[PDB]
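Novice: Let me give you the complex in parts, starting here:
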Amino acid sequence: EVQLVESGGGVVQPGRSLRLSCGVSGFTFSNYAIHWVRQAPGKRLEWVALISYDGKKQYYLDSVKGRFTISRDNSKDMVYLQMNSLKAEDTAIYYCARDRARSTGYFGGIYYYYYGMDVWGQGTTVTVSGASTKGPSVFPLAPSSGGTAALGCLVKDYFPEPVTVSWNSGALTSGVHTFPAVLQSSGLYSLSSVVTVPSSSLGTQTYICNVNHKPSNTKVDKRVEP
């Protein structure tokens, strides 16, 4: 029920800026500190920023100390991360996360403990590149009565990551295998999403992949038929 959701993300070239957002729903936002933590494709989890449950930015990672600024609004349940002077080292997936420590009663001033994050958001991908965003072409992977049939969609030549793929508008989930994207020599990602269905259904059921590539506002529906 307690959830955090990140927005923003996409390409931004080295040197310039983007602003990440995080909206929450399910808990009392006013009495929890918020973290920004990132994950680079080949690197471990890396904590980035921290703002108190009120107004205190108790921390930035030393490598972003003057570049990033973390903000908050307890009236709108919102936490932001302004990223300026971005570099390739900033390329990662960014999550906003709630600190496990609550608040309790005043007496003295507020206290600021930090028990170190319990609930995370889905994350948003930030790519720092001088390369141009490209929307994917979506091609069918069709089969050719008994056995188990396999269907698919080839999501080819797109940048940057990620893309999402659903089947029959979220109705078909069982038997779906969406593969991790592959970096072609062209510097463009390519991906396939398959699904194994009974062959008998090939003349009855309709099979459609839904490909979403947010950074280029791409949304394609593709009908896969034998």
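Specialist: Sure thing, it's come through. Numbering: from 1, shown residues only, chains lettered A, B, ... in the order given.
Novice: Please save the CA atoms from stretch A:68-88 in CSV.
Specialist: C-alpha atoms of stretch A:68-88 as CSV (Å, rounded to 0.1, in the frame of the first residue of the first chain):
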residue,chain,number,x,y,z
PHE,A,68,22.7,17.9,-7.3
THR,A,69,20.1,19.6,-5.0
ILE,A,70,17.4,17.6,-3.3
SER,A,71,14.0,19.2,-2.5
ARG,A,72,10.7,18.4,-0.8
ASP,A,73,7.1,19.5,-0.4
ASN,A,74,5.1,18.1,2.5
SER,A,75,1.9,19.7,1.2
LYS,A,76,2.0,17.8,-2.2
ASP,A,77,3.8,14.7,-0.9
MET,A,78,6.6,15.3,-3.4
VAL,A,79,10.4,14.9,-3.3
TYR,A,80,12.6,16.2,-6.1
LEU,A,81,16.2,15.8,-7.3
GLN,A,82,17.6,18.6,-9.5
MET,A,83,20.7,17.3,-11.3
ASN,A,84,23.0,19.8,-12.9
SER,A,85,26.3,19.5,-14.7
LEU,A,86,25.6,15.8,-15.4
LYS,A,87,28.3,13.3,-16.4
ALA,A,88,28.6,9.8,-17.7
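Novice: buried residues in it?
Specialist: A:68-70, A:72, A:77-81, A:83, A:86 (16 or more other Cβ atoms under 10 Å). To be clear about C-beta, it is placed using only N, CA and C from the backbone, and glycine gets the same treatment.
Novice: Mind checking which of the residues you listed are in strands?
Specialist: A:68-70, A:72, A:78-81, A:83 (DSSP state E).
Novice: For the helix or strand where residue A:49 lies, buried residues please.
Specialist: Applying DSSP states H and E as the criterion places residue A:49 in strand A:45-51. Within strand A:45-51, the residues that count as buried by 16+ other Cβ under 10 Å are A:48-51.
Novice: residue contacts, residue A:173?
Specialist: Contact partners of residue A:173, counting by Cβ atoms under 8 Å, 6 or more residues apart in numbering, are residue A:167.
Novice: got the phi/psi numbers for it?
Specialist: Dihedral angles of residue A:173 (phi, psi; degrees, to the nearest 10) stand at phi -120, psi -30.
Novice: Chain B next, sequence below:
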Amino acid sequence: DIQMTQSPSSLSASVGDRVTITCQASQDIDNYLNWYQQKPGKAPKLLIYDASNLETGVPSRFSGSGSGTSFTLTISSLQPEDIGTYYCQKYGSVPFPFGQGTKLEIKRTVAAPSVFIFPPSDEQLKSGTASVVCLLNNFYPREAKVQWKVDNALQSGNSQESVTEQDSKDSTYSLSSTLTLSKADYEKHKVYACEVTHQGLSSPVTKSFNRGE
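Specialist: The block that follows adds chain B to the chains above:
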């Protein structure tokens, strides 16, 4: 400046086996250590806090132990639902350092893959390209060889592979191989084949199709 050293980096075990991952702090940190579970596809999840107390939802098979400079996460009966990467971290203070992580996977009974082959689409062929796709579905172990053949000529380097993370439903992997040629190079040849060697296979299985047939 405190460093967290996790070990091992990767780890594999059968279902119901005991599994131990350890975190090491460069200096005494008492009990300020959390464990996080990042399942394939999903964001990390808090499991253990204060080194030994598990979060409300986590199952009995998880336990935390140790103190000061040495900490241990233990799964007493490994389940495929526990597939993912595990992180330790020292909370309480900046910069909340994490360990490099431990990838955990399931040892399973050997499973032969279901192989499929897909010819390029007409739409793509109009663009001047051709992608032929070989699908290896639901197999174990992860080690599998895919060999593209174009008229029995062996291909190498002109293809790209991708393997799914271990599925928790059946502890299997899936693989997708893409062979990309120009439409011109493509329409010069007739038989396109993918040949698969795998431990669950008695002998290489080939899936092929004829261009235009």
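Novice: now that chain B has been added, could you go back to the buried residues of stretch A:68-88?
Specialist: A:68-70, A:72, A:77-81, A:83, A:86 (16 or more other Cβ atoms under 10 Å in any protein chain shown).
Novice: Please apply the same query to stretch B:138-150.
Specialist: If you call a residue buried by 16+ other Cβ under 10 Å, then stretch B:138-150 has these buried ones: B:138-141, B:144, B:146-150.
Novice: what about residue B:22, how many neighbours?
Specialist: Using other Cβ atoms under 10 Å in any protein chain shown, residue B:22 has 18 other residues around it.
Novice: Hmm, I typed the wrong one, I wanted residue A:142.
Specialist: Neighbour count for residue A:142, taken as other Cβ under 10 Å: 18.
Novice: residues touching it, list them.
Specialist: Residue A:142 makes contact with A:151, A:224-226, B:118, B:121, according to Cβ atoms under 8 Å, 6 or more residues apart in numbering or on different chains.
Novice: about what we covered before: how about the buried residues of stretch B:138-150 in JSON lines, adding distance to residue B:77 and secondary structure?
Specialist: Formatted as JSON lines, the buried residues of stretch B:138-150 follow (distance: Cβ to Cβ, whole Å; DSSP: H, G, I helix; E, B strand; the rest coil):
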{"residue": "B:138", "distance to residue B:77": "24", "secondary structure": "strand"}
{"residue": "B:139", "distance to residue B:77": "25", "secondary structure": "strand"}
{"residue": "B:140", "distance to residue B:77": "20", "secondary structure": "strand"}
{"residue": "B:141", "distance to residue B:77": "22", "secondary structure": "coil"}
{"residue": "B:144", "distance to residue B:77": "29", "secondary structure": "strand"}
{"residue": "B:146", "distance to residue B:77": "35", "secondary structure": "strand"}
{"residue": "B:147", "distance to residue B:77": "39", "secondary structure": "strand"}
{"residue": "B:148", "distance to residue B:77": "42", "secondary structure": "strand"}
{"residue": "B:149", "distance to residue B:77": "45", "secondary structure": "strand"}
{"residue": "B:150", "distance to residue B:77": "48", "secondary structure": "strand"}
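Novice: Tell me the one of these nearest chain A?
Specialist: Nearest to chain A among those is residue B:138, at 8.3 Å by Cβ to the nearest Cβ.
Novice: how about the CA coordinates for stretch B:147-159, as CSV?
Specialist: What follows is stretch B:147-159, C-alpha atoms only, in CSV (Å, rounded to 0.1, in the frame of the first residue of the first chain):
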residue,chain,number,x,y,z
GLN,B,147,25.5,-22.0,-33.7
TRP,B,148,24.0,-20.2,-36.7
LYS,B,149,24.3,-21.9,-40.1
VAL,B,150,23.6,-20.3,-43.4
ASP,B,151,23.6,-23.1,-46.0
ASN,B,152,25.6,-25.2,-43.6
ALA,B,153,28.3,-22.5,-43.5
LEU,B,154,29.1,-21.9,-39.8
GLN,B,155,28.6,-18.3,-38.6
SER,B,156,30.5,-16.6,-35.8
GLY,B,157,30.5,-13.1,-34.4
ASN,B,158,27.6,-11.9,-36.6
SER,B,159,25.0,-12.7,-33.9
